[PDB]
């Protein structure tokens, strides 16, 4: 078929599975969240917590689906239908190495639901405690062993793909052990080889040798807020792509519809990026496509704390907070606008 509605398997949407309800999980997990103290605000702060009541949740926006559980198979069905509407073929699942049965259950449910809609799943490896290249290898082996034969497990030209958040927390000399073909604990040429996509943060003078010396297969930028880092400044994307092509690396720029995290980080208002009825998202997505990249990542499906979500949001005013909403746009606007951009991306590919 050539309908302009099919999923794109070079489009990765960052997905969070940490939401809970009292009924399913025992607590409205993540809807309730600690408020971060101001890192520049001195001692004795007692910032408090957002309780995750119906009236007061840990987001500046409010989900159409309410205070949902990421373990609810019925929510997962709805999310997969939202991915189909957005044309986003790959769900990039946050992974925190919780080593708990409720994690394991959730991952299986997500894979199952994704497969019903021909969506694929890859893992976004977060900065879990004592993360290092040895336990990363062990975890990559575990994930490929547990999930690699699931029909929804993502591969690109035969290889799994992992995004590695805050990959700069690990020295290139350690990464080389895992990612060079000659490395002491290499995954190259093994059953556990994968495309490893590191987080490009700062200036080229630092990041170019880091990526090369660490032997990453590519890089992404994550942040939805333009200008937060060099990497998340879209005017740099043409030159980042040129370098990537010259050095055999895969650049997967991250685009998002806005940013606001001031319910949980009230001191972080300088990072706010206004959605302007979709114009911010359009500008950022256009820059990614114009850079001539092979793959794009979306920050985010549902990082509600950071206000980067494309998941449907609804107007809501409670006695405790007046939420932001999609303003002049309908709740599913960011899903259908994603589909528009996926089409433009495919037209350019």
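Positions refer to the first chain, counted from 1.
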### Query
Do the C-alpha atoms of 251-259 or of 105-113 have the higher average B factor in the entry?
105-113
### Task
Could you check the entry and say whether 174-182 or 204-212 has the higher mean CA B-factor?
204-212
### Summary
From 59, 322, 297, 302, the top C-alpha temperature factor is at 322
### Query
If you compare 217, 138, 157, 166, which has the highest Cα B-factor in the entry?
157
### Summary
So, residue 11's CA B-factor, relative to its chain, sits in which third? The lowest
### Task
Check where residue 86 lands among this chain's C-alpha B-factors and tell me if it's the lowest, middle or highest third.
middle
### Message
Please place residue 151 in the lowest, middle or highest third of its chain according to the CA B-factor in the PDB entry.
### Response
highest
### Task
Select lowest, middle or highest to describe the third in which the CA B-factor of residue 123 falls within its chain in this entry.
lowest
### Query
Looking at the C-alpha B-factor of residue 332, is it in the lowest, middle or highest third of its chain?
middle
